[PDB]
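Engineer: Test case, fold it:
(3 chains)
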Amino acid sequence: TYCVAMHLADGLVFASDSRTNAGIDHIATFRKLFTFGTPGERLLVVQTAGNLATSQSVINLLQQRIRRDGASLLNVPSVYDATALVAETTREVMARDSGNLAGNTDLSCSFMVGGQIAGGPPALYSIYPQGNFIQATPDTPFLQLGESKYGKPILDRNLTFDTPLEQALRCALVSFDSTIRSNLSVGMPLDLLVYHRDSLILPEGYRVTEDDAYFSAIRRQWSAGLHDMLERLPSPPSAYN
Amino acid sequence: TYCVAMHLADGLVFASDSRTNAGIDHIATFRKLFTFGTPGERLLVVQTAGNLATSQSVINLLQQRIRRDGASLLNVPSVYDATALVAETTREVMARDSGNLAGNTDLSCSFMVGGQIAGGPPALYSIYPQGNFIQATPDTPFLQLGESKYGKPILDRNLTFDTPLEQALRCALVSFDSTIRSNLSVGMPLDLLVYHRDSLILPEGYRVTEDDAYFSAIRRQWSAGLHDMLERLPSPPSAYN
Amino acid sequence: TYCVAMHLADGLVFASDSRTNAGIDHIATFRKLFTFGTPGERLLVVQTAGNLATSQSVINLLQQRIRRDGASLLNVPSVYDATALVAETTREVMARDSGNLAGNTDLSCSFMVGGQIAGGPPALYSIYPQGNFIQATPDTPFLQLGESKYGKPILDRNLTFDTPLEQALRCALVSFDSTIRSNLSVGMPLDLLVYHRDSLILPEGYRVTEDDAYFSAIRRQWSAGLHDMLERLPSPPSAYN
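Structural biologist: Numbers count the residues shown, from 1 in each chain, chains lettered A, B, ... in the order given. Let me share the structure:
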């Protein structure tokens, strides 16, 4: 479980893995990036991390309620209020499943909610286990969920509010490369989605499998590059021994 | 106790054993696959694993309540809500039987709930000992309960969302074959049910006994096959000694 | 101001005029038939009669509240409860505008509320100035508001629960014909809406202007008919002089 989302000058970029702890000795693939919207009016993306049961219930309820007269991700007036609604829904799910039977088992999960609603700029939020959330800004334009320390440095080094989408995406992919190599809880397939500021369309998004020609290639290149750079760095002086 | 359920493009397939630990020196046969519904409107299947007393009580209450004005498996608006109702019911049973008298004895059990209600696609959920649940998806289209590691590999290898029903069933049967050979807690008769997407009928389902011609045959074939493949595999090179 | 609504075996038919007393020397056109709903789930129609300021405020609040988390015409579980909500809203409006400044001026108005919500039959209610309401039934299948005595006889004579919609509508139009000829407070354009039982769609409804070919024609025909029948009725006997 590792998710990243970026809010940049030109729009939004989302990327999630799929490897999921579904119980003991049951590791499995589950999508962690979901889209919602009406074309020409709004796009919203929700990413998930943490307890599967909880996050599934949350997503499921959001879907059921879309087709119902009352508060829903399709009528909510701002990306803020969408984020709040997700949080609200999370609280509701935690209330029900909590009891003596759950015991000390940890039901918490976290989300990212981003997108654009007609008539206001695109936005991106991250909801914490405890249900309070923060918004990405130009000074802090990307947010992560899950197992994210491994792939943070490359984003810290290169990403800024002005990074174009194609390059941000690329950057995200390298982030996943390092993460996958160094932590087995993270794993392919990946799910990506790129959204263009003010387009107000629902992009289809894309799934990166094991076999993906492009992702295989940039991994091979990135390795060769790192290995090169390392050999062509100077040796430590006398002093260092 | 071993149960499997699959949610595929063409519908659902369920299979359960029947061997049940009912106390010390009392191992016995109990059905672990139950059906509910109204023809032309809905089919719901519940499978059970874990403590007999608890699961029996849950099933029994669901049956009694079907014939009563209020929340029941027949009026519940979605497969999700059915799953939630089963869980709700489980909580209720655990609350009552818990006390000093039970002591440290382990009353927990798990369930699968799957089926289709008119006006929405078929679905399949698994409820954990603790009462929270997950949904099967195209990427993870089968779920298991009970003593399931023995027969997992064959499902991992062959089964996908697009596998047709007849082949999925066959696959399940091989799963049971290996399981039964390698673990005595699992045992015949088996109970199967296949449901066709959008049919909205209550299939009668089928019980596989010790004597079943077909199942006996495919077991004999599968053995012969494995034995053959093994002898016709190449020898390890020099290097390996 | 004259409104009629009918609840018949095959559905509902609504018709309202538009001529409105909006102050001294200010007679004007205002729509007196409003629709609400979500396609495939519900249709509700509200007709108005009486004080313009009051009725406008009521309708305006019902619209504003539709787009808000709380009681509204879109979430209300039955046509009964919709009617109650309209009444509830009316009370609220009367409470606020009442004071010394209004004085003895008459702020009352009346409404009809009819339609269908998924899962129950269509229904039709009339709310009185005082806020209590009645329901139309098979024995009394039409209800009127405003200046209605002129056009009542034709409805009494011909309309019944089993009258088909096209004929009921026609009947309503003749009701308006007579009313318009005999009372200036009532006037075109008219606004009609026909709803088919169990359709659960929002009909667009139709406006009948001064120029309407069909309405002009049936008025001309109806005149000629009446004039004929009158001349071909027999003479009073000797006795009558």
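Engineer: drop to CA atoms for contacts and neighbour counts, all remaining ones
Structural biologist: Fine.
Engineer: So which bits of chain A are right by chain B?
Structural biologist: Contacts of chain A with chain B, taken as CA under 8 Å from any CA of the partner chain, map to A:28-31, A:52-54, A:56-57, A:97, A:101-103.
Engineer: Of those residues, which is the nearest to chain C?
Structural biologist: residue A:57 (22.0 Å; CA to the nearest CA).
Engineer: In contact with the residue nearest to that closest one when sequence neighbours are not counted, which residues?
Structural biologist: Excluding the flanking residues, the one nearest residue A:57 by CA to CA, 6 or more residues apart in numbering or on different chains is residue A:93, at 6.9 Å. Contacts for residue A:93 (CA atoms under 8 Å, 6 or more residues apart in numbering or on different chains) come out as A:54, A:57-58.
Engineer: Give me the buried subset of the residues of chain A next to chain B.
Structural biologist: A:29-31, A:52-54, A:56-57, A:97, A:101-102 (16 or more other CA atoms under 10 Å in any protein chain shown).
Engineer: among those residues, which are in helices?
Structural biologist: Members of those lying in helices (criterion: DSSP state H): A:52-54, A:56-57, A:97.
Engineer: So the closest residue in space to residue A:48 that isn't next to it in sequence: helix, strand or coil?
Structural biologist: Distance criterion CA to CA, 6+ apart; nearest residue to residue A:48, sequence neighbours excluded, is residue A:111 at 4.6 Å. For residue A:111, the assignment made with DSSP: H, G, I helix; E, B strand; the rest coil gives strand.
Engineer: Test my guess that residue A:111 contacts residue A:46.
Structural biologist: Yes. Counting by CA atoms under 8 Å, residue A:111 touches residue A:46, with 6.7 Å between them.
Engineer: If you count surrounding residues, which of those two has more?
Structural biologist: More neighbours surround residue A:111 than the other of residue A:111 and residue A:46, with 28 against 22 (other CA atoms under 10 Å in any protein chain shown).
Engineer: what sits against that one?
Structural biologist: Per CA under 8 Å, 6+ apart, neighbours of residue A:111: A:46-49, A:126-128, A:145.
Engineer: cool, and residue A:210?
Structural biologist: A:188-189, A:216.
Engineer: do you know how far residue A:10 is from residue A:147?
Structural biologist: Going from residue A:10 to residue A:147 by CA to CA, to the nearest Å gives 27 Å.
Engineer: got the residues of chain A near chain C?
Structural biologist: Within chain A, the positions lying close to chain C (CA under 8 Å from any CA) are A:69-71.
Engineer: same thing but at 10 Å, please
Structural biologist: A:68-71, A:75-76 (CA under 10 Å from any CA of the partner chain).
Engineer: With secondary structure, neighbour count and distance to residue A:40 added, can I get these in CSV?
Structural biologist: Shown next, in CSV, are these (DSSP: H, G, I helix; E, B strand; the rest coil; neighbours: other CA atoms under 10 Å in any protein chain shown; distance: CA to CA, whole Å):
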residue, secondary structure, neighbour count, distance to residue A:40
A:68, coil, 13, 21
A:69, coil, 19, 21
A:70, coil, 20, 21
A:71, coil, 17, 20
A:75, coil, 16, 14
A:76, coil, 18, 16
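Engineer: follow-up on the earlier one: and which of the contacts of residue A:210 is nearest to chain B?
Structural biologist: Comparing these against chain B with CA to the nearest CA places residue A:189 closest, at 9.7 Å.
Engineer: what's that closest one in contact with, if anything?
Structural biologist: Counting by CA atoms under 10 Å, 6 or more residues apart in numbering or on different chains, residue A:189 touches A:16-19, A:29-31, A:207-212, B:139.
Engineer: Find the helix or strand that residue A:192 is a member of.
Structural biologist: strand A:190-196 (DSSP states H and E).
Engineer: which stretches of chain A form strands?
Structural biologist: For chain A, strands defined by DSSP state E occupy the ranges A:2-8, A:11-16, A:19-21, A:27-29, A:33-38, A:42-50, A:109-117, A:123-127, A:133-135, A:142-146, A:190-196, A:206-208.
Engineer: show me the residues around the residue of chain A found nearest chain B that make contact.
Structural biologist: At 4.4 Å from chain B, residue A:102 is the closest residue in chain A, using CA to the nearest CA. Residue A:102 makes contacts with B:91, B:128-132, as judged by CA under 10 Å, 6+ apart.
Engineer: Any figure for the gap between it and residue B:91?
Structural biologist: Taking CA to CA, one finds residue A:102 at 10 Å from residue B:91.
Engineer: Overlap in contacts, the two.
Structural biologist: In contact with both residue A:102 and residue B:91: B:130-131, using CA under 10 Å, 6+ apart.
Engineer: From the contacts of residue A:210, pick the one nearest residue C:241.
Structural biologist: residue A:189 (103.1 Å; CA to CA).
Engineer: Report the contact partners of the closest residue to residue A:101 other than its chain neighbours.
Structural biologist: Nearest residue to residue A:101 in three dimensions, chain neighbours excluded: residue B:130, at 5.2 Å (CA to CA, 6+ apart). Contacts for residue B:130 were tallied using CA under 10 Å, 6+ apart; they are A:97-105, B:87, B:90-91, B:108-110.
Engineer: Type out the PyMOL command that picks the buried ones from those.
Structural biologist: The following PyMOL line selects those of those that are buried, judged by 16+ other CA under 10 Å:
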select buried, (chain A and resi 97+98+101+102) or (chain B and resi 87+90+91+108+109+110)
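Engineer: out of the contacts of residue B:130, which one sits closest to chain C?
Structural biologist: Relative to chain C, the closest of the contacts of residue B:130 is residue A:97; by CA to the nearest CA it sits at 25.2 Å.
Engineer: Surely that closest one is in contact with residue B:87?
Structural biologist: Yes. With contact defined as CA atoms under 10 Å, residue A:97 reaches residue B:87; the gap is 9.0 Å.
Engineer: Now for the two: what residues contact both?
Structural biologist: Joint contacts of residue A:97 and residue B:87 (CA under 10 Å, 6+ apart) are B:130-133.
Engineer: isn't residue A:158 right up against residue A:171?
Structural biologist: Yes. Residue A:158 is in contact with residue A:171 according to CA under 10 Å; the separation is 7.8 Å.
Engineer: From chain C, how far off is residue A:46?
Structural biologist: The spacing between residue A:46 and chain C, counted by CA to the nearest CA, to the nearest Å, is 22 Å.
Engineer: and what of residue A:113?
Structural biologist: According to CA to the nearest CA, residue A:113 and chain C sit 21 Å apart.
Engineer: Put the buried members of the contacts of residue A:189 into a ChimeraX selection.
Structural biologist: Restricted to buried positions by 16+ other CA under 10 Å, the ChimeraX selection for the contacts of residue A:189 reads:
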select /A:16,17,18,19,29,30,31,207,208
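Engineer: contacting residues for the nearest residue to residue A:207 once chain neighbours are set aside?
Structural biologist: Distances taken as CA to CA, 6+ apart place residue A:191 nearest to residue A:207, at 4.6 Å, with adjacent residues excluded. Neighbouring residues of residue A:191 by CA under 10 Å, 6+ apart: A:3, A:14-18, A:31-34, A:205-209.
Engineer: State the pair within the residues you listed that is farthest apart.
Structural biologist: A:34 and A:209 (17.6 Å).
Engineer: Mind picking the one among the contacts of residue A:102 that's closest to chain A?
Structural biologist: Lowest distance from chain A to the contacts of residue A:102 (CA to the nearest CA) belongs to residue B:130, with 4.4 Å.
Engineer: I'd like to know how far that closest one sits from residue A:215.
Structural biologist: Counting by CA to CA - residue B:130 and residue A:215 are separated by 39 Å.
Engineer: Then residue A:28?
Structural biologist: 22 Å.
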